[PDB]
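Trainee: let me give you the complex in parts, starting here:
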Amino acid sequence: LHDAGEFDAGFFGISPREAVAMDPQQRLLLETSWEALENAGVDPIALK
Amino acid sequence: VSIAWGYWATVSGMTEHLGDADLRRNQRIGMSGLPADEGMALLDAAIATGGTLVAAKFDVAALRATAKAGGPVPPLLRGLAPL
Amino acid sequence: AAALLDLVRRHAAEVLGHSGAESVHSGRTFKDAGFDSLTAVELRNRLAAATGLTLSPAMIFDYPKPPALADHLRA
Amino acid sequence: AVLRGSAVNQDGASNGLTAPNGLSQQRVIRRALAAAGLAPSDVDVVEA
Amino acid sequence: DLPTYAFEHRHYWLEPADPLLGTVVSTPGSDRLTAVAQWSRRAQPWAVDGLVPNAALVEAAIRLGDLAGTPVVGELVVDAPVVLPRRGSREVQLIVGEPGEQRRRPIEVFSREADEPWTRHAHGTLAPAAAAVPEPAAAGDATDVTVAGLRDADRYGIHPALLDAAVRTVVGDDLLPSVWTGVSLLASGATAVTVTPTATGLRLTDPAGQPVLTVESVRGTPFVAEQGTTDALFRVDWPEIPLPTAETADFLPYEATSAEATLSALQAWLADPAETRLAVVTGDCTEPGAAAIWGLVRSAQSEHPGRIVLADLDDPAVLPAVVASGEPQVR
């Protein structure tokens, strides 16, 4: 999976310096969880 | 032979009143404790030498590190802590 | 208050590792930018020592917006 | 000894990634007490 | 089925970033070799009570000769055994001179504890590996010696603890081996060796029977040691510094005449709100009253640095320059 180095930091409110520190697995999980939650037709904001 | 003995590791009457702040201040300016047996050896060596000498323990490495870090090195200890 | 805004924005950009002072935007609060305990206390030092004033290490929570903080430094 | 009930939850949205929250602890205590089928006046010592 | 969110992507990654010999330096244009390594308690666990056995130096010289192609130790005279400090580390430098007669490389082992003066611990010559090196004639029954907890035995040809234990049974426990001659290496990494005593040297053979090491002649003498106790004496020397070429300076000159008057001037100056530098001019420091005033002013500047110029002058005209010199104590 040669696209693992890409991640959105400003979407979740993450500073650039702590983005490199964190494991890419966490970034991939964070993105895919939002993808899955959206795919089910459930509003992520209302889940808080 | 006159020897400027430092703060002896053996507690004496003159050093009855130096508090923890005093020991920390002395160690900050390089003035450390003087061991008893080492004090006797220094007295013998000074009697062999003679003159106005100082027999005290000065931390050379820490003073040099402080000099490199920008700390104020006393003029007399500048020889022991070169810049 | 333009100079204060510029200096605080530049210092925040340096703190957060941002590419430039333009990336940090004056609408989002400090918390949303990614500020926590570690960054805030050292930003306090970096700003106070530069400006020559003293401050409590918790400016972020009292003034969530950079303009409000700059107005506080003005007074 | 006999273990009666237990509960587990998450801190959730707090003042930081590591900061705690009192409400979550209260909720988990109430959940544990409800699961164990006891009352708050029955216990005599808590290991904080 | 609607499409999903469109993200913005940027790249983020974080790429990761012989103890007896240590570092080897070759003199540019010269055949001398300098072996530099750090000696400490955590680096030499087998060195008990700070004392480093001379067999450790022998093994270090053997490794250096292997690097330089001279494993045969023509001579090795131990000036004094190395005693490492409990606290700190000692810098040990091995200077091997350019090869001379019969390609023999002179070798010396200097050591010093940080700022301690350099002291040589071993000296001799190293010869290249001869085509035929006969074993010394046996004089006693061979005895196997094993040392528990040998660390990095494969790193050295013979472990320093193993070599020391081997030489104890020949030279003698009460005698520290001093002079070594004809040390030829035949095997490396041996953990357990059998010592065959000779007239002066010793044979070292593995339990399988293959010869591991030979020493044509080794002798031992009693030893004692000393450390730095006389280095705590300090003398007040007066290195010369050139005065600045400044014709003006801000200062308050005070021609000290007595200790009490100097103290009164000091307290009056302290009470003075004006930020005026004060300079004290006295007689020769060897004088009693001048020395007392000098000590008074020294303590005064200890209390208030940067506001005192203690100048021992025979001509007060250079007083401002001394103030501009930057040194509070100037003679």
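Mentor: Done, it's in. Numbers count the residues shown, from 1 in each chain, chains lettered A, B, ... in the order given.

Trainee: going by C-alpha atoms from here, please, whenever you check contacts or count neighbours.
Mentor: Noted.

Trainee: excluding chain neighbours, what is closest to residue 7?
Mentor: Because you didn't say which chain, this covers chain A. Leaving aside its sequence neighbours, residue A:7 sits nearest to residue E:9 (C-alpha to C-alpha, 6 or more residues apart in numbering or on different chains; 5.1 Å).

Trainee: I was thinking of chain E, sorry if that wasn't clear
Mentor: Leaving aside its sequence neighbours, residue E:7 sits nearest to residue A:8 (C-alpha to C-alpha, 6+ apart; 6.4 Å).

Trainee: what strands line up against the longest strand belonging to chain B, and which way round?
Mentor: If you go by DSSP state E, chain B has its longest strand at strand B:52-55. Paired with strand B:52-55 in the same sheet, following DSSP bridges, are strand B:2-3 (parallel), strand E:233-235 (antiparallel).

Trainee: and chain D, which residues reach chain C?
Mentor: residue D:16 (C-alpha under 8 Å from any C-alpha of the partner chain).

Trainee: hmm, try it at 10 Å
Mentor: D:15-19 (C-alpha under 10 Å from any C-alpha of the partner chain).

Trainee: just give me the closest of those residues to chain C.
Mentor: The shortest approach to chain C among those belongs to residue D:16, at 6.9 Å (C-alpha to the nearest C-alpha).

Trainee: show the contacting residues for that closest one.
Mentor: Counting by C-alpha atoms under 10 Å, 6 or more residues apart in numbering or on different chains, residue D:16 makes contact with C:31, C:35-37.

Trainee: can you check residue E:35 too?
Mentor: Going by C-alpha under 10 Å, 6+ apart, residue E:35 touches E:20-26, E:60-61, E:64, E:92-96, E:109.

Trainee: ok, now residue E:111?
Mentor: So residue E:111 contacts E:36, E:39, E:82-84, E:90-94, E:117-122 (C-alpha under 10 Å, 6+ apart).

Trainee: give me the phi and psi for residue B:56.
Mentor: Dihedral pair for residue B:56: phi -140, psi 160, per degrees, to the nearest 10.

Trainee: hmm, residue E:91 is touching residue E:23, no?
Mentor: No: checked against C-alpha atoms under 10 Å, the pair residue E:91 and residue E:23 is beyond contact range at 11.9 Å.

Trainee: compare those two (neighbour count), which wins?
Mentor: With neighbours defined as other C-alpha atoms under 10 Å in any protein chain shown, residue E:91 and residue E:23 compare such that residue E:91 has more, 18 against 13.

Trainee: for the more buried one, what are its contacts?
Mentor: With contact set as C-alpha under 10 Å, 6+ apart, residue E:91 has these partners: E:36-40, E:84, E:110-116, E:118.

Trainee: include chain F as well:
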Amino acid sequence: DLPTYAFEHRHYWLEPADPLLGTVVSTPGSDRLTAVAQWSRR
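Mentor: Okay, chain F now, added to the rest:
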């Protein structure tokens, strides 16, 4: 209640094992100072 097993214990542990100036060598007995350094693009 009676005591548990008495294992015999032995120790096992695996030990984890100035760019321009580098290392300065002060010649013993000589004022000469020889600095050695490793200079590379990285």
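
Trainee: now that chain F has been added, could you go back to the contacts of residue D:16?
Mentor: For residue D:16, the contacting residues are C:31, C:35-37, by C-alpha under 10 Å, 6+ apart.

Trainee: run the last query once more with 6 Å
Mentor: Residues counted as contacts of residue D:16 (C-alpha atoms under 6 Å, 6 or more residues apart in numbering or on different chains): none.

Trainee: please apply the same query to residue C:61.
Mentor: Taking C-alpha under 6 Å, 6+ apart as the test, residue C:61 contacts no residue whatsoever.

Trainee: so it sits in a helix?
Mentor: Yes: per DSSP: H, G, I helix; E, B strand; the rest coil, residue C:61 lies within a helix segment.

Trainee: rewinding a little: the longest strand of chain B: which residues count as buried?
Mentor: Neighbour-count burial for strand B:52-55 flags B:53-55 (criterion: 16 or more other C-alpha atoms under 10 Å in any protein chain shown).

Trainee: quick one: contacts of that strand?
Mentor: Contacts of strand B:52-55 (C-alpha under 6 Å, 6+ apart): B:2-5, E:232-235.

Trainee: buried residues of the longest helix belonging to chain A, list them for me.
Mentor: Counting by DSSP state H, the longest helix found in chain A is helix A:24-39. Judged by neighbour count (16+ other C-alpha under 10 Å), helix A:24-39 contains these buried residues: A:24, A:27, A:38.

Trainee: return the member of those nearest to residue E:212.
Mentor: Closest approach between the buried residues of helix A:24-39 and residue E:212, by C-alpha to C-alpha: residue A:24, at 54.6 Å.

Trainee: how close does the closest one get to chain E?
Mentor: Between residue A:24 and chain E the computed distance is 9 Å (C-alpha to the nearest C-alpha, to the nearest Å).

Trainee: can you count the residues close to the closest residue to residue E:46 other than its chain neighbours?
Mentor: Spatial nearest neighbour of residue E:46, chain neighbours left out: residue E:161 (6.4 Å); criterion: C-alpha to C-alpha, 6+ apart. Residues near residue E:161, counting by other C-alpha under 10 Å, number 25.

Trainee: doesn't residue E:161 belong to a helix?
Mentor: Yes: Residue E:161: assigned to a helix according to three-state DSSP.

Trainee: OK, contacts around the residue of chain C found nearest chain F?
Mentor: Chain C approaches chain F most closely through residue C:17 (23.3 Å), counting by C-alpha to the nearest C-alpha. Listed by C-alpha under 6 Å, 6+ apart, the contact partners of residue C:17 are A:16-17.

Trainee: can we see that at 10 Å?
Mentor: Residue C:17 makes contacts with A:15-18, C:11, as judged by C-alpha under 10 Å, 6+ apart.

Trainee: add one more, call it chain G:
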Amino acid sequence: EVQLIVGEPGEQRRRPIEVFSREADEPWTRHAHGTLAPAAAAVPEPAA
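Mentor: Below, chain G sits with the chains from the block before:
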């Protein structure tokens, strides 16, 4: 491998500095050579 050799001080306590260099077993290459002089109390700044 780059080495800086400073010999025993000579005239005016000037220390002779030489910058030799070599790669693996290549011949030593003296790059920059000169003398280092002790600092004076007042260094005259050149005219602008």
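
Trainee: back to the contacts of residue E:111, now that we've got chain G?
Mentor: Contacts of residue E:111 by C-alpha under 10 Å, 6+ apart are E:36, E:39, E:82-84, E:90-94, E:117-122, F:28.

Trainee: show me which of these are buried.
Mentor: Here, 16+ other C-alpha under 10 Å leaves E:36, E:39, E:82-84, E:90-94, E:118-122, F:28 buried among those.

Trainee: between these, which sits nearest residue C:56?
Mentor: Set against residue C:56, the nearest of those by C-alpha to C-alpha is residue E:90 (47.7 Å).

Trainee: the strands in chain C, which residues?
Mentor: Counting by DSSP E, chain C forms no strands at all.

Trainee: what does it have sitting close to chain G?
Mentor: Counting by C-alpha under 10 Å from any C-alpha, no residue of chain C is near chain G.

Trainee: tell me the residue of chain C that sits nearest chain B?
Mentor: Nearest residue of chain C to chain B, counting by C-alpha to the nearest C-alpha: residue C:49, 18.5 Å away.

Trainee: how about the contacts made by that residue?
Mentor: C:43, C:55.

Trainee: same thing with residue D:17?
Mentor: Residues counted as contacts of residue D:17 (C-alpha under 10 Å, 6+ apart) are C:36, D:11.

Trainee: could you check how far it is from residue A:18?
Mentor: Using C-alpha to C-alpha, to the nearest Å, residue D:17 is found at 13 Å from residue A:18.

Trainee: next: residue B:32.
Mentor: With distances taken as C-alpha to C-alpha, residue B:32 is found 45 Å from residue A:18.

Trainee: settle it for me: which of these two has more neighbours?
Mentor: Legend: neighbour count by other C-alpha under 10 Å for residue B:32 and residue A:18, higher for residue B:32 (20 against 12).

Trainee: how many residues are close by the residue lying closest to that one once chain neighbours are set aside?
Mentor: Excluding the flanking residues, the one nearest residue B:32 by C-alpha to C-alpha, 6+ apart is residue B:57, at 5.4 Å. Residues lying near residue B:57 (other C-alpha under 10 Å) number 21.

Trainee: distance of residue B:57 relative to residue E:113?
Mentor: Per C-alpha to C-alpha, residue B:57 is found 16 Å from residue E:113.

Trainee: repeat for residue E:317
Mentor: In this structure, residue E:317 and residue E:113 are 47 Å apart, going by C-alpha to C-alpha.

Trainee: same question, residue B:52
Mentor: Distance from residue B:52 to residue E:113, by C-alpha to C-alpha: 27 Å.

Trainee: over to residue E:124?
Mentor: As for residue E:124, its distance to residue E:113 is 23 Å (criterion: C-alpha to C-alpha).

Trainee: enumerate every residue touching residue B:22.
Mentor: Residue B:22 sits next to residue B:28 when contact means C-alpha under 10 Å, 6+ apart.
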